[PDB]
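Visitor: Structure of the sequence below:
(3 chains)
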Amino acid sequence: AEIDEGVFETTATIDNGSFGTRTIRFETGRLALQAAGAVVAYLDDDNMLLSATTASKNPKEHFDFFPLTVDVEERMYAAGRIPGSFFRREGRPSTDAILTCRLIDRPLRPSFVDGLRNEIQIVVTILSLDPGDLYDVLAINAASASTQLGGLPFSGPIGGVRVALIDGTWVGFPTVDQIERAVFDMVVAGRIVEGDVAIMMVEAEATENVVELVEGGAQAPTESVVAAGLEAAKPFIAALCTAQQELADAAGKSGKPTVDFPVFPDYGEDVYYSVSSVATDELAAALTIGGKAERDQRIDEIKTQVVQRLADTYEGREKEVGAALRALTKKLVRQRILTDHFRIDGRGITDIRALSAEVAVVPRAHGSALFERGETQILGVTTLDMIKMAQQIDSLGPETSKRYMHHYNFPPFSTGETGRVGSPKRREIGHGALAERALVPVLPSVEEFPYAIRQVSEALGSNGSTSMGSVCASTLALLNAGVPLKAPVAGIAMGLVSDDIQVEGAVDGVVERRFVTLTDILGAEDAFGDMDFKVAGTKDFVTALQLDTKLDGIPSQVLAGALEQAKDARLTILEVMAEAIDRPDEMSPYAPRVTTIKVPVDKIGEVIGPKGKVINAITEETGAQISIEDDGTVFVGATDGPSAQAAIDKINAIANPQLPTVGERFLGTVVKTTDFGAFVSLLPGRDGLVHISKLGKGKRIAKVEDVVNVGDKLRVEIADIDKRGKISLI
Amino acid sequence: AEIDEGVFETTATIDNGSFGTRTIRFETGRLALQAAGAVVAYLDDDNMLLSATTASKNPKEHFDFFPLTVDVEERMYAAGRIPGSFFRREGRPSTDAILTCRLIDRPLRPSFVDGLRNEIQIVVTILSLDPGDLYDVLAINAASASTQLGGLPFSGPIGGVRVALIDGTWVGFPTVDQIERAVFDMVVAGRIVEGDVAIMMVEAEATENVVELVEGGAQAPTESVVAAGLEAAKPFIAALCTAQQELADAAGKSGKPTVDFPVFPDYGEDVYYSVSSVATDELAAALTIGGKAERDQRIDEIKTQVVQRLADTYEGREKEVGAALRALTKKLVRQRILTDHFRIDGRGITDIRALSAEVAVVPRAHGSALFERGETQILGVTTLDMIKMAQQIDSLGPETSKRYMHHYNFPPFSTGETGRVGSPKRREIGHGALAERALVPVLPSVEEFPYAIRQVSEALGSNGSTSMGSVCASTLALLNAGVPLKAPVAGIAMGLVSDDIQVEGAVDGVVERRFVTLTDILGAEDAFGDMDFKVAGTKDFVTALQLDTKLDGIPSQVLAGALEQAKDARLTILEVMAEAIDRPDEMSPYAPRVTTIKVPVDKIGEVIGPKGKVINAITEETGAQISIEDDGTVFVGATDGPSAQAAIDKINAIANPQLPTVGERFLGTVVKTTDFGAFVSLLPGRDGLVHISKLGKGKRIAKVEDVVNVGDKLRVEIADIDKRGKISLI
Amino acid sequence: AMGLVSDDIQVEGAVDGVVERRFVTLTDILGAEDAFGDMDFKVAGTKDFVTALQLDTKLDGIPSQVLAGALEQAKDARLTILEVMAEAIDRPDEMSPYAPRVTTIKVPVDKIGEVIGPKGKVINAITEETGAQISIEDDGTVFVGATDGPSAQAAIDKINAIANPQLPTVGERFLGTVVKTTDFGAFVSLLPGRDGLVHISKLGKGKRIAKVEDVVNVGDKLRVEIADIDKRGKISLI
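Guide: Numbering: from 1, shown residues only, chains lettered A, B, ... in the order given. Please find the structure below.
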């Protein structure tokens, strides 16, 4: 066992009520000795991931941001399988790997000492994944433990758990079974400070059967239930963080940092003091008028005047004074928004910016959308095709066949600046994943609507948040394409500014926490904002959330009000949508007309046979571009409507030995006809059953050469064909 | 022939005894006129490669190493075939191309003028490759000729041949047939200096059936036969290098270079004199204590004092100072490892550094290994799967279907420095290929153990040599995986330094040639070493070897002793290794439990025709999807223990039932009937036949139902036992 | 490739203006000539008709009268290089044995369905047993292939010995042996993938059958003779 010193193990016990108990263990020191921090993780004792963070000794100069680059080596051998690629090796990390990478990276950057320059990378390699489990929460927990153990400057460990509303109860670290049983899952990452846990980050979800459960008996996910879920997630985070700190202080490390890290602040305190003291009041006075027409030009001219005024004094320093002006205008806009609460546009705080939506723009495509909310412009397009082609990833997760894949784009010409175009970055994948995760539950079932949907959310220009516009374009396109949505979906971005300055407060202690939740966020608004939710859902139940608290948010009182404002914005957006388009439109004939049919499973051997030919010939000659389906039950389709109907008739005629019903005719492949009998060579192995006396009128033949006379008028017609499957007359 | 004025050609003849003679020819000037070097190569007038070397005129400053970038354009059209990729074009060079790239790049860097910075690239393209031939040795020979002809600063031409021991005889440049017949194939590359050949590189091998040949009558490949192979390869190298030299000096070139090359010495001569003078004997005396604790403190003390007596004196020159310190340090440690006969560890030379091994670490995977030799900690995991999926590369080489693929990993957090994780570099591929080539001979055959083995050698912190640890972890993962290895195999890196020192001699200079063979290598040890083997083999016969002599090694007396030291090291490894685990373990349930069965090929098309369907559907309804392969092997997905056991049981009881006996009662049914008879399908392996004439008990029978009415029991009765053993139903 | 330079200069003329547009079309281009050139064609074609062009006017070219002459110069150079061609090689050479000699045949759709049909595992079995890969489409064309030239002659031999047996001459008889028979008929592999029938007229060679068990036994002697063979690859027995 642990006979040697250096392998420090701990436990993280979670009850999860009466739905089973799972244990989480962190063991350090046995592996990856050289890396600064080598914690591993255990769930149920059948899950194993190893985390490691390594600090570059040589500091970086040309960098100006924090170069924290996280990555997950999602090795294929954790489950008992071999990669299916042409090279038999894991390639570039898949979509789920990049999603988990963004999941781990997001609640780590704010919790770092400002202005760190030495390159820091966190590696989380997967080693064993039981089926039905997700490698998200314990991965981020392990990474937090790893960066904690290494002695890096870190503001305490962060825990991460998944909760799920299953039958009115929340469970931690659920498996796929309860995830299907539950109606609403979210990940929650947080840190405890001063004895209270603060929700650093939460990424929500709606399952693939939430509508059925809500109709079948459940509670509609709303602000109350998500608040309850946060409350239920708090104790699990507390337990995880306590376990992490027990591990950290057990090793005797994470106390005094033996290795110091040179910090690179953007601006000095002296230049800050000088700039603020020389330009504290005139800039505020010029801002307070808010001309809304030339106020911007006035503020630029103040920046120019101040920078020429204090650029002669100090030579060779340019960026720091710009950052100092940024911080100045920062403090002024926050005090202004906490005292009189004006937005950059100058209008109210509880009203959405002007918007407009158009439908049926792209001519040939099966759908279109021009959701044009203010400056943000998003174009969405559907492309319906046969269930033959769809997302078919292979990875450690249990997901195998994605019917609905939601691509995305951030072309450089949209933002207003140049840049290379090619493989999308991680932000693109994250936003597209959020859009798909938000729009999945309302999409219809497979059986009612057997089709493959692909949605591309082109971004034709964007100022701030742009994923919600992508969701709106996606729903517009889905209704225009003919997909029978259960309920149109919509999204909106929700900001919030904290209270850093009180009312005067020289002798009076009062905290006017005027938690202004701005109805929408601009790029500058997100720059000087402190909070963001970006919720999205239908009229009744939310679908996605993304909260990225910097620190010590914990409103616990106005979160309901912010959710209510988001809900009001969502209903306004949906009302404008309904004024634009309301009901699922008729399906446009340019799409392939695939009509489902029902056949017995054992009868497929007669329908398709041993993967036979002639199917491609009929595809070329008529347009029956159907191929071998994985499910077996074949749904043939054709692009043109009349062609689709003709295909239905001819395949229904050729594939089956159809009963001689009323008006039934036989149209097969007649290659040979002879007079010494008859043969139906439909498919090898089996032959069409015939009756000897119903064809020969109860008379036999002796010879073919002499007996068969030239002149035999064959007035032979079948009278009755029964379904017994044998030959017997009276 | 001389078919042009200015095109010079020559020959390279080899006897190869009675196993055929293959002429080798190089002709220059006919192709690639513009590049500085235009050598092409011929083997048996049916193999063609063209080698070119181009020197960049503009010097490179920011570079500090030698930027010799070599690459082989393994053009797919050398054989008569088209690339099978989605774009019909050769993509990134395949594994064998990278292997040849490392094969050529390895014994060229030492044979260059020190401190060269001008970019030099060698391109070796393929044009024709007869099947059964390997494009390795003539490629490096042609590249050597190309670099010699171009007038580049070069030590001298190098020759390389592939020599294989067959039936006690060595044959150079063999085809695949003799290679399969042979038991040991070696590629030797070296130059000739002062009239004597010097072996500059060796890369050994063991064939795919070496053990069966050696047990069928042969000699076990040992140290003596390795020395014999080196001796037999010497004349071929001599002849090849002679041909290269006559080709070069025939052109009138390769004497005084018209084009000169400016060099960038690492450290200056004067700074070397200064550093030596200030730290001649003080540094030696300080290091003589061998404290091994504060040595870093005192060398940094020397560094700071060197700063304060030279950096003020000489400014703008800092890196070459440190180069001087490290060169002088390597000089002292070399002379001391000669005189005092001790290494960095401080203990005996013929002593293996501490080690430990563990088994069954990764829970879910089919195997594991924690070979933890000192600092270099390595991990290995097996993953058994079906034959249908495996490596199926297409290239010029005759290898098509690879069963055992041995991946490798060098994650950045291992060494303790940051890095970019993604596509592996050339060193990763080279080490992984060496490991796979060392392990392949002992792995069992297809028929006894039909499985697809894929193993990854994760590196969890490595200091110096790490491929041998990968091989050890490989044999552990295979042993724990359940595959019956013929004999476990390991290997230990072998170090050795030359002797520039003398026996005292205050006035004369003598030769004291005590070749101390370091039995383990650290990174610094190989940095200031001159000899490294990395041998690996079982108790009886070696499998791999990698010799990389710096220059003028030619021991010829102690190579056997060093190999015996390696033999003792690997015997100690294997003893501890068996102390860890000895015999192949029982097969783990999580693996796909495949059984072995045989079927008539001609008879599959009657009842086994469905194959891809029907059976899969029913066994998925019963909960075990089976991917039955056409070869007869039962490829079934065996995930759960009880499920897998029931699956293999039903399969064994359904596909190969115990052969029927007289008196067995089973109730079958007929499904097909026509005018020419009826097919009876009861069991595979015997197609029973029935008729209607015998159904009348030796009397004419027009109808059957007329005799039997309701209430009669159709008990299967043994009416009579005839000598023919043929009966009919009732 | 044809390259020309525009005459931006006049004949002296400090004040005189003469349009002496010496549009010199350089018949061959070097790298430096392209660098300081002003016109690129890269025209290519056969003796009769051109195929490709690539025009790269820098600025204000519009010759409209000397492009014809440039094309004639290109045609002359093309004819010269094609004469050098003809001196080098003239007619398509012999089809090299090393490359895969694939020979095609044309048969109707009915022949395809009988021989292979739905492309089951029989195609793979034939490929493994002989070494010939066959790609068949129902568009009317029949591609039958084998990589090696010897494999190709083996494949054509099997096709023209199974589908198209040679018609025997007068006086020759062939004696064959069967490995397993039946009573319903013979499982002779005249057409793969299909089993025929033997009529009641020729079962007894003109003899009626009276008793099944008492007289007729299993293991009797039966001879088969060909009636007629067509060139369509059929074996019609009546």
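Visitor: Might you report the residue contacts of residue A:411?
Guide: A:421, A:458-460 (C-beta atoms under 8 Å, 6 or more residues apart in numbering or on different chains). C-beta: built from backbone N, CA, C; applies to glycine.
Visitor: Could you tell me which of these count as buried?
Guide: With burial judged by 16 or more other C-beta atoms under 10 Å in any protein chain shown, the buried subset of the contacts of residue A:411 is A:458-459.
Visitor: ok, of the contacts of residue A:411, which one's closest to chain C?
Guide: Proximity of those to chain C (C-beta to the nearest C-beta) peaks at residue A:421, which lies at 26.6 Å.
Visitor: hang on, that closest one packs against residue A:412?
Guide: Yes: at 6.2 Å, residue A:421 and residue A:412 qualify as touching, with contact defined as C-beta atoms under 8 Å.
Visitor: For the helix or strand hosting residue A:306, name the packing helices and strands.
Guide: Assigned by DSSP states H and E, residue A:306 belongs to helix A:295-309. On a contact count with 3 or more C-beta pairs under 8 Å, 6 or more residues apart in numbering or on different chains; DSSP states H and E, helix A:295-309 meets helix A:269-278, helix A:282-289, helix A:319-339.
Visitor: With respect to burial, which of those scores highest?
Guide: helix A:319-339 (a mean of 17; mean count of other C-beta atoms under 10 Å in any protein chain shown).
Visitor: in the helix or strand following that one, what counts as buried?
Guide: Going down the chain from helix A:319-339, the next helix or strand is strand A:377-385, by DSSP H and E. By neighbour count on 16+ other C-beta under 10 Å, the buried set for strand A:377-385 is A:377-382, A:384-385.
Visitor: before we move on, back to that, what residues does the helix holding residue A:306 touch?
Guide: Contacts of helix A:295-309 (C-beta under 8 Å, 6+ apart): A:275, A:278-279, A:282-283, A:286-287, A:289, A:291, A:321-322, A:325, A:329.
Visitor: now could you export just the CA positions of it as CSV?
Guide: Taking Å, rounded to 0.1, in the frame of the first residue of the first chain, the C-alpha atoms of helix A:295-309 are listed here in CSV:
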residue,chain,number,x,y,z
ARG,A,295,-19.4,63.3,-26.5
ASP,A,296,-17.3,60.5,-28.0
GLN,A,297,-15.3,63.0,-30.1
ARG,A,298,-14.9,65.1,-26.9
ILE,A,299,-13.6,62.2,-24.9
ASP,A,300,-11.1,61.3,-27.6
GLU,A,301,-9.9,64.9,-27.7
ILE,A,302,-9.4,64.9,-23.9
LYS,A,303,-7.4,61.7,-24.2
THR,A,304,-5.2,63.3,-26.9
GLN,A,305,-4.8,66.5,-25.0
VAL,A,306,-3.8,64.7,-21.8
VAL,A,307,-1.4,62.3,-23.6
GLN,A,308,0.4,65.2,-25.3
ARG,A,309,0.4,67.1,-22.0
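Visitor: what angle separates that helix from helix A:269-278?
Guide: Inter-element angle recorded for helix A:295-309 and helix A:269-278: 120 degrees (by axes from the mean of the first three to the mean of the last three C-alpha atoms, to 10 degrees).
Visitor: Show me which positions of helix A:295-309 end up buried.
Guide: So for helix A:295-309, counting by 16+ other C-beta under 10 Å, buried means A:295, A:302-303, A:306.
Visitor: In a helix, residue A:568, correct?
Guide: Yes: looking at residue A:568 with DSSP: H, G, I helix; E, B strand; the rest coil, it is inside a helix.
Visitor: Tally up the residues packed near it, please.
Guide: Using other C-beta atoms under 10 Å in any protein chain shown, residue A:568 has 15 other residues around it.
Visitor: Need the nearest residue in space to it, chain neighbours excluded.
Guide: Using C-beta to C-beta, 6 or more residues apart in numbering or on different chains and skipping the chain neighbours, the partner closest in space to residue A:568 is residue A:350 (7.7 Å).
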